[PDB]
> 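I'd like to ask you about the structure that follows.
Heavy atoms only: backbone and side chains are in, while hydrogens, waters and symmetry mates are out. Throughout, protein chains are lettered first and strands after them, A, B, ... in sequence-line order, and every chain is numbered starting at 1.
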Amino acid sequence: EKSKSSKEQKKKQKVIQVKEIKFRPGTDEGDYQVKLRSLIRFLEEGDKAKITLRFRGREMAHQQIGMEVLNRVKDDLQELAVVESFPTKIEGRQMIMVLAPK
Amino acid sequence: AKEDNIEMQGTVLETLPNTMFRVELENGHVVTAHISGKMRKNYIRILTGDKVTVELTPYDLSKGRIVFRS
RNA sequence: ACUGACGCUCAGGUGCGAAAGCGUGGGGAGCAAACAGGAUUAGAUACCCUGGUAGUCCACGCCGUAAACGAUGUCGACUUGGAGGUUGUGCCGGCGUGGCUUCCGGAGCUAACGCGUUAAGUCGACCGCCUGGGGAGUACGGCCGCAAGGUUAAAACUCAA
RNA sequence: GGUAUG
Ligand SMILES: C[C@H]1O[C@H](O[C@H]2[C@H](O)[C@@H](O)[C@@H](O)[C@H](O)[C@@H]2O)[C@@H](N)C[C@@H]1NC(=N)C(=O)O
Ligand SMILES: [K+]
Ligand SMILES: [K+]
Ligand SMILES: [K+]
Ligand SMILES: [K+]
Ligand SMILES: [K+]
Ligand SMILES: [Mg+2]
Ligand SMILES: [Mg+2]
Ligand SMILES: [Mg+2]
Ligand SMILES: [Mg+2]
Ligand SMILES: [Mg+2]
Ligand SMILES: [Mg+2]
Ligand SMILES: [Mg+2]
Ligand SMILES: [Mg+2]
Ligand SMILES: [Mg+2]
Ligand SMILES: [Mg+2]
Ligand SMILES: [Mg+2]
């Protein structure tokens, strides 16, 4: 009968979901700031943050311009998140850095 | 009969609206360049990072026409 | 039966004016901006779900705006028809005769769509308004407002729509 | 149940 409150006591600690924010090589400053405010909000709630960077076409041939962005995000989210994964290579046409709450 | 253009080599720093580009030249001056007509019509895409030939004018050394992408 | 042109229109003026909103005080079921949470999602400051405050209601006072629309100013006259609705009335269910109103259509009008005796037809009276797009119903000034704002209302500039 | 992008 009293499973009702047991189920509640289970649910009262949240399951960590993974929120995805997707950048591009040429994401401009103001738009970057919006996405960063998104990530700050996600990590302060205790959610993981699968940050992706999608290359398109011949932007593939300038990988480091992308890598710069992911490095920038890591640095900005340094006193808040910890890098659970950093991309070495372009897998497909993407580079996935998982952050996670401290 | 036209006066001669300085062709200089350079790297695209930013893509601006409407096929305009900041380009750092070899000499180190950052010109605002625009795509050539031939390139526009032949769909040669220019990106941040790309190596480009820039035709320049002595009349204004802040401006140039991107004529080739390597 | 009576009055005997006493009329029509109206800048300024005065009033009325959906909802939201504002002030003071009531009231508060339902609903519900904001908000809280649950989801959905690449993100989802939404749509969906659970709630939920102002508000919605009343009194008094304010506000004065809406696709406040027929996107059609008011008054009068004239100009083929058809089918209805609604509300009087006269006469012998029928035959008239008024008011309001819905739809179709003729001439005519219209860029066309369409309008078409309830005209966007044919005329007359008076008023309001327009003069390329954006800038802008914005700025400045005035007036009004507790405030939100409202009203009156430009220009530079830029475009070749 | 949202048919993001040839
Ligand atoms: C269902 C989505 O519909 C609308 O977005 C459509 C988009 O999803 C594509 O099907 C095409 O680009 C269409 O041309 C767009 O109209 C747009 N209103 C956003 C909606 N999506 C969401 N609300 C959602 O995914 O969530
Ligand atoms: K008068
Ligand atoms: K309430
Ligand atoms: K026609
Ligand atoms: K003009
Ligand atoms: K004013
Ligand atoms: Mg009200
Ligand atoms: Mg009140
Ligand atoms: Mg409710
Ligand atoms: Mg709701
Ligand atoms: Mg108005
Ligand atoms: Mg109406
Ligand atoms: Mg009007
Ligand atoms: Mg009058
Ligand atoms: Mg008709
Ligand atoms: Mg007309
Ligand atoms: Mg104003």
Side-chain angles (χ1 to χ4, degrees), chain A, chain B residues 12 14-22 31-50 57 59-60 62-65 69:
Chain A
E1 274 72 2
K2 302 292 184 288
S3 62
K4 62 181 72 176
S5 58
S6 81
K7 294 160 202 154
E8 285 175 2
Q9 284 154 52
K10 296 161 209 163
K11 181 56 186 293
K12 278 189 297 183
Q13 295 80 359
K14 180 213 70 176
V15 179
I16 299 178
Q17 77 194 65
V18 191
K19 309 299 289 187
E20 189 159 24
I21 293 287
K22 304 192 184 169
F23 295 82
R24 305 197 90 89
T27 291
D28 206 81
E29 174 55 31
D31 304 290
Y32 169 92
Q33 288 303 314
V34 177
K35 290 182 164 171
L36 198 71
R37 290 181 322 224
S38 316
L39 288 159
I40 292 160
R41 185 182 82 243
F42 296 159
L43 295 159
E44 288 180 311
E45 291 166 0
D47 294 309
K48 286 181 191 179
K50 179 181 173 185
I51 299 163
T52 311
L53 201 154
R54 297 170 290 173
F55 298 89
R56 183 189 295 170
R58 283 184 57 252
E59 297 177 351
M60 288 289 291
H62 300 309
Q63 306 195 1
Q64 75 289 349
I65 294 176
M67 270 285 294
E68 281 161 15
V69 183
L70 295 187
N71 291 307
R72 193 177 171 211
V73 174
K74 183 182 62 62
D75 295 1
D76 292 15
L77 283 169
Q78 71 183 4
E79 301 200 347
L80 265 174
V82 286
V83 184
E84 188 174 343
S85 176
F86 212 94
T88 62
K89 61 183 181 180
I90 299 180
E91 205 183 2
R93 287 199 185 112
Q94 310 200 317
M95 284 196 324
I96 297 162
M97 163 176 63
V98 179
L99 301 188
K102 268 176 156 54
Chain B
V12 179
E14 61 183 307
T15 63
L16 298 174
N18 306 105
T19 71
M20 294 273 157
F21 303 94
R22 258 85 205 201
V31 303
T32 311
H34 62 272
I35 193 172
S36 177
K38 196 185 175 292
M39 284 169 83
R40 168 176 267 122
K41 194 177 64 62
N42 297 133
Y43 311 102
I44 289 92
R45 276 279 166 158
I46 303 164
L47 297 168
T48 41
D50 277 339
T57 53
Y59 289 98
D60 188 12
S62 65
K63 294 197 179 74
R65 180 171 71 122
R69 179 184 49 63

> Kindly point out which of D:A4, C:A39, C:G43 is positioned nearest to the side chain of A:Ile21?
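For the A:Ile21 side chain, the nearest candidate turns out to be C:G43.
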> Roughly how far apart, to the nearest Å, are C:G27 and C:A59 at atom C1'?
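Those two atoms are separated by 11 Å.
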> Is the glycosidic torsion of D:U3 within 90° of 0, making it syn, or is it anti?
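Because its glycosidic torsion lies within 90° of 0, D:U3 adopts the syn conformation.
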> Measure across A:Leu99 and A:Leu77 and return the closest heavy-atom pair with its distance rounded to 0.1 Å.
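Residues A:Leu99 and A:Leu77, closest heavy atoms: CD1-CD1, 3.6 Å.
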> So what does A:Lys50 touch, heavy atoms closer than 4.0 Å: a base, only the sugar-phosphate, or nothing?
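Counting heavy atoms under 4.0 Å across all strands, no contact is made by A:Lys50.
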> Which heavy-atom pair separates B:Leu47 from A:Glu59 by the least distance, and what is that distance?
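Taking B:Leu47 first and A:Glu59 second, the nearest heavy atoms are CD1-N, 3.7 Å.
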> Decide if the distance between the centres of the six-membered base rings of C:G70 and C:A71 is under 5.5 Å while the angle between those ring planes is under 30 degrees.
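No, which means the ring centres are not under 5.5 Å apart or the planes are not under 30°.
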> Which one is paired to C:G81, where only Watson-Crick or G-U wobble pairs with both distances under 3.5 angstrom count?
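When the pairing criteria are applied, C:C104 turns out to be the nucleotide that pairs with C:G81.
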> For the adjacent pair C:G38/C:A39, please state whether the pyrimidine-type six-membered rings satisfy a centroid distance under 5.5 angstrom and an interplanar angle under 30 degrees.
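Stack present between C:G38 and C:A39.
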> For C:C113, does the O4'-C1'-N9-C4 (purine) or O4'-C1'-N1-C2 (pyrimidine) torsion place it in syn, i.e. within 90° of 0, or in anti?
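Anti, which is what one calls it when the glycosidic angle falls more than 90° from 0.
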> Starting at atom CD of A:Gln33, determine the distance to atom P of C:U45, rounded to an integer number of angstrom.
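Whole-Å distance recorded here is 21 Å.
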> What's the verdict on side-chain hydrogen bond (donor to acceptor under 3.5 Å, both in side chains) for A:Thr52 and A:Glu20, showing C-alpha distance, side-chain angles and the deciding distance?
CA-CA 7 Å; A:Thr52 311; A:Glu20 189 159 24; 2.9 Å; yes
> Could you work out which one of D:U5, C:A39, C:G43 sits closest to the side chain of A:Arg54?
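That would be D:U5.
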> When the P atoms of C:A111 and C:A160 are compared, how many Å lie between them, rounded to an integer?
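C:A160 and C:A111 have their P atoms separated by 31 Å.
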> How close do A:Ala100 and A:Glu84 get, heavy atom to heavy atom, and via which atoms?
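Closest approach of A:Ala100 to A:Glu84, heavy atoms only: CB-OE1, 3.6 Å.
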> Would C:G137 and C:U138 be classed as stacked, given the thresholds of under 5.5 Å between six-membered ring centres and under 30° between planes?
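Flagged as non-stacked, criteria not both satisfied.
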> Give a yes/no answer on whether the side chain of A:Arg24 brings an N or O atom under 4.0 Å of OP1 or OP2 in C:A42.
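Checking A:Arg24 against C:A42: no side-chain N or O falls below 4.0 Å of OP1 or OP2.
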> One pair to check against side-chain hydrogen bond (donor to acceptor under 3.5 Å, both in side chains): A:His62 and B:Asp50. What are the steps and the verdict?
CA-CA 8 Å; A:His62 300 309; B:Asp50 277 339; 2.8 Å; yes
> What's A:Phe23 touching, base or sugar-phosphate or nothing? Going by heavy atoms closer than 4.0 Å.
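Answer is nothing: A:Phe23 stays at 4.0 Å or more from every strand.
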> If stacking means ring centres below 5.5 Å and interplanar angle below 30 degrees, are the neighbouring bases C:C47 and C:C48 stacked?
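In short, no, the neighbouring bases do not stack by the stated criterion.
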> For C:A119, does the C1'-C2'-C3'-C4' torsion put the sugar north or south?
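Pucker flag: south.
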> Using the P atoms only, state how far C:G76 lies from C:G94, rounded to an integer number of Å.
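The same atom, P, in both gives a distance of 35 Å.
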> North or south for the sugar of C:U89? Use the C1'-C2'-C3'-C4' sign convention, positive meaning north.
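On the sign test, where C1'-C2'-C3'-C4' is positive, C:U89 is classed north.
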> With rounding to whole Å, what would you report as the distance between C:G13 and C:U152 at their P atoms?
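My reading of the P atoms in C:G13 and C:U152 gives 12 Å.
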> Write down the partner of D:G6 under the Watson-Crick or G-U wobble criteria, each distance required to be under 3.5 Å.
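The answer is none; no pair meets the criterion.
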> When you compare C:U45 with C:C35, how far apart are their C1' atoms, in angstrom units rounded to a whole number?
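Between the two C1' atoms, the distance is 13 Å.
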> So C:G90 and C:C95, Watson-Crick or G-U wobble pair with both distances under 3.5 Å, or not?
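Pair flag for C:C95 and C:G90 is true.
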> Among C:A44, C:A39, C:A42, which nucleotide sits nearest the side chain of A:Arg41?
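In terms of side-chain proximity for A:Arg41, the closest of C:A44, C:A39, C:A42 is C:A44.
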> Please determine if A:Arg41 and A:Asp47 form a salt bridge, counting it only when a charged side-chain N lies under 4.0 Å from a carboxylate O.
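Result for this pair is no, no salt bridge flagged.
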> Taking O4'-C1'-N9-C4 for purines and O4'-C1'-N1-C2 for pyrimidines, is C:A11 syn (within 90° of 0) or anti?
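Here the answer is anti: the torsion falls beyond 90° from 0.
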> Going by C1'-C2'-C3'-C4' alone, is C:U80 a north or a south sugar?
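Pucker of C:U80: north.
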> When both hydrogen-bonding distances must be under 3.5 Å and the geometry is Watson-Crick or G-U wobble, what is C:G21 paired with, if anything?
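Per the H-bond distance test, C:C62.
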> Would you kindly give the CD-to-P distance between A:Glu45 and C:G37, to the nearest whole Å?
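Roughly 9 Å, once rounded to whole Å.
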> Does A:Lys102 reach the main-chain N or O of A:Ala81 with its side chain, forming a donor-acceptor pair under 3.5 Å?
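Checking the backbone N and O of A:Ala81 against the side chain of A:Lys102, a donor-acceptor pair under 3.5 Å is found.
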> Rounded to the nearest Å, what distance is computed from the CG atom of residue A:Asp47 to the P atom of nucleotide C:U40?
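So the two atoms are 12 Å apart, to the nearest Å.
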> Can you tell me if the side-chain N/O atoms of A:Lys14 get under 4.0 Å from OP1 or OP2 in C:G38?
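A:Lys14 to C:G38 OP1/OP2: no side-chain N or O under 4.0 Å.
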> So which nucleotide from C:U45, C:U41, C:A44 ends up closest to the side chain of A:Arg37?
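For the A:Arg37 side chain, the nearest candidate turns out to be C:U45.
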> If the P atom of C:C47 is compared with that of C:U40, how far apart are they to the nearest Å?
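Nearest-Å result for C:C47 against C:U40 at atom P: 16 Å.
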> Under the rule for side-chain hydrogen bond (donor to acceptor under 3.5 Å, both in side chains), what residues qualify as partners of A:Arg72, not counting sequence neighbours?
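Partners of A:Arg72 by the side-chain hydrogen bond (donor to acceptor under 3.5 Å, both in side chains) criterion, ordered by chain and then number, come out as A:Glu29.
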> So, taking the atom named OG in B:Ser36 and the one named CZ in B:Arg69, what distance separates them when rounded to the nearest 0.5 Å?
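Taking OG in B:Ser36 and CZ in B:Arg69, the distance rounds to 13.0 Å.
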> Do C:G13 and C:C91 meet the pairing test, Watson-Crick or G-U wobble with both distances under 3.5 Å?
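Result no; criteria under 3.5 Å not both met.
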> Using both distances under 3.5 Å as the test, list the Watson-Crick or G-U wobble partner of C:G55, or none.
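Base partner found: C:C31.
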> Taking the sign of the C1'-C2'-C3'-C4' torsion, positive for north and negative for south, which way does the sugar of C:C69 pucker?
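On the sign test, where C1'-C2'-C3'-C4' is negative, C:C69 is classed south.
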> Does C:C35 pair with C:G51 as Watson-Crick or G-U wobble, both distances under 3.5 angstrom?
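Yes, a Watson-Crick or G-U wobble pair.
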> Just checking: do C:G134 and C:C8 form a pair, Watson-Crick or wobble, with both of the defining distances under 3.5 Å?
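Here the two bases do not pair.
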> Taking CD in A:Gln64 as the centre, count heavy atoms belonging to other residues, nucleotides or ligands within less than 6.0 Å. Is the count above 12?
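More than 12 within 6.0 Å, yes.
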> On RNA chain C, compare the nucleotides closest to A:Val34 and A:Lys11; which residue's is nearer the 5' end?
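This one resolves to A:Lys11.
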> So which nucleotide does C:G124 pair with, by the Watson-Crick or G-U wobble rule with both distances under 3.5 Å?
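Pairing partner, where one exists within any strand: C:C75.
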> How long is the line joining CD of A:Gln94 and P of D:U5, in whole Å?
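Atom-to-atom, A:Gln94 to D:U5, this comes out as 16 Å.
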> Using the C1' atom on both, measure C:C22 against C:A148 and round to a whole Å.
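My reading of the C1' atoms in C:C22 and C:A148 gives 7 Å.
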> Taking a pair to be Watson-Crick (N1-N3 plus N6-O4 or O6-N4) or G-U wobble (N1-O2 and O6-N3), each under 3.5 Å, are C:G132 and C:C69 paired?
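Between C:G132 and C:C69, no qualifying pair exists.
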> Watson-Crick or G-U wobble, both distances under 3.5 angstrom: are C:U50 and C:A36 paired?
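Yes; the pair between C:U50 and C:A36 satisfies the definition, which requires both distances under 3.5 Å.
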> Please verify, for C:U24 and C:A59, whether Watson-Crick or G-U wobble pairing holds with both distances under 3.5 Å?
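Taken together, C:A59 and C:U24 make a base pair (Watson-Crick or G-U wobble, both distances under 3.5 Å).
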> Please determine, for C:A148, whether a Watson-Crick or G-U wobble partner exists with both distances under 3.5 Å, and give it or none.
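Pairing partner: none.
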> Kindly point out which of C:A42, C:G43, C:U45 is positioned nearest to the side chain of A:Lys22?
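So the side chain of A:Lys22 is nearest to C:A42.
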> What pucker does C:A39 show by its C1'-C2'-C3'-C4' sign, north or south?
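It is north, as the sign of the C1'-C2'-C3'-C4' dihedral turns out positive.
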> Rounded to whole angstrom, note down the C1' distance from C:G108 over to C:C157.
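To the nearest whole Å, 48 Å.
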> Where the side chain of A:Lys19 is defined as all heavy atoms beyond and including C-beta, which of C:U45, C:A44, C:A39 is the nearest nucleotide?
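Selected nucleotide (nearest to the side chain): C:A44.
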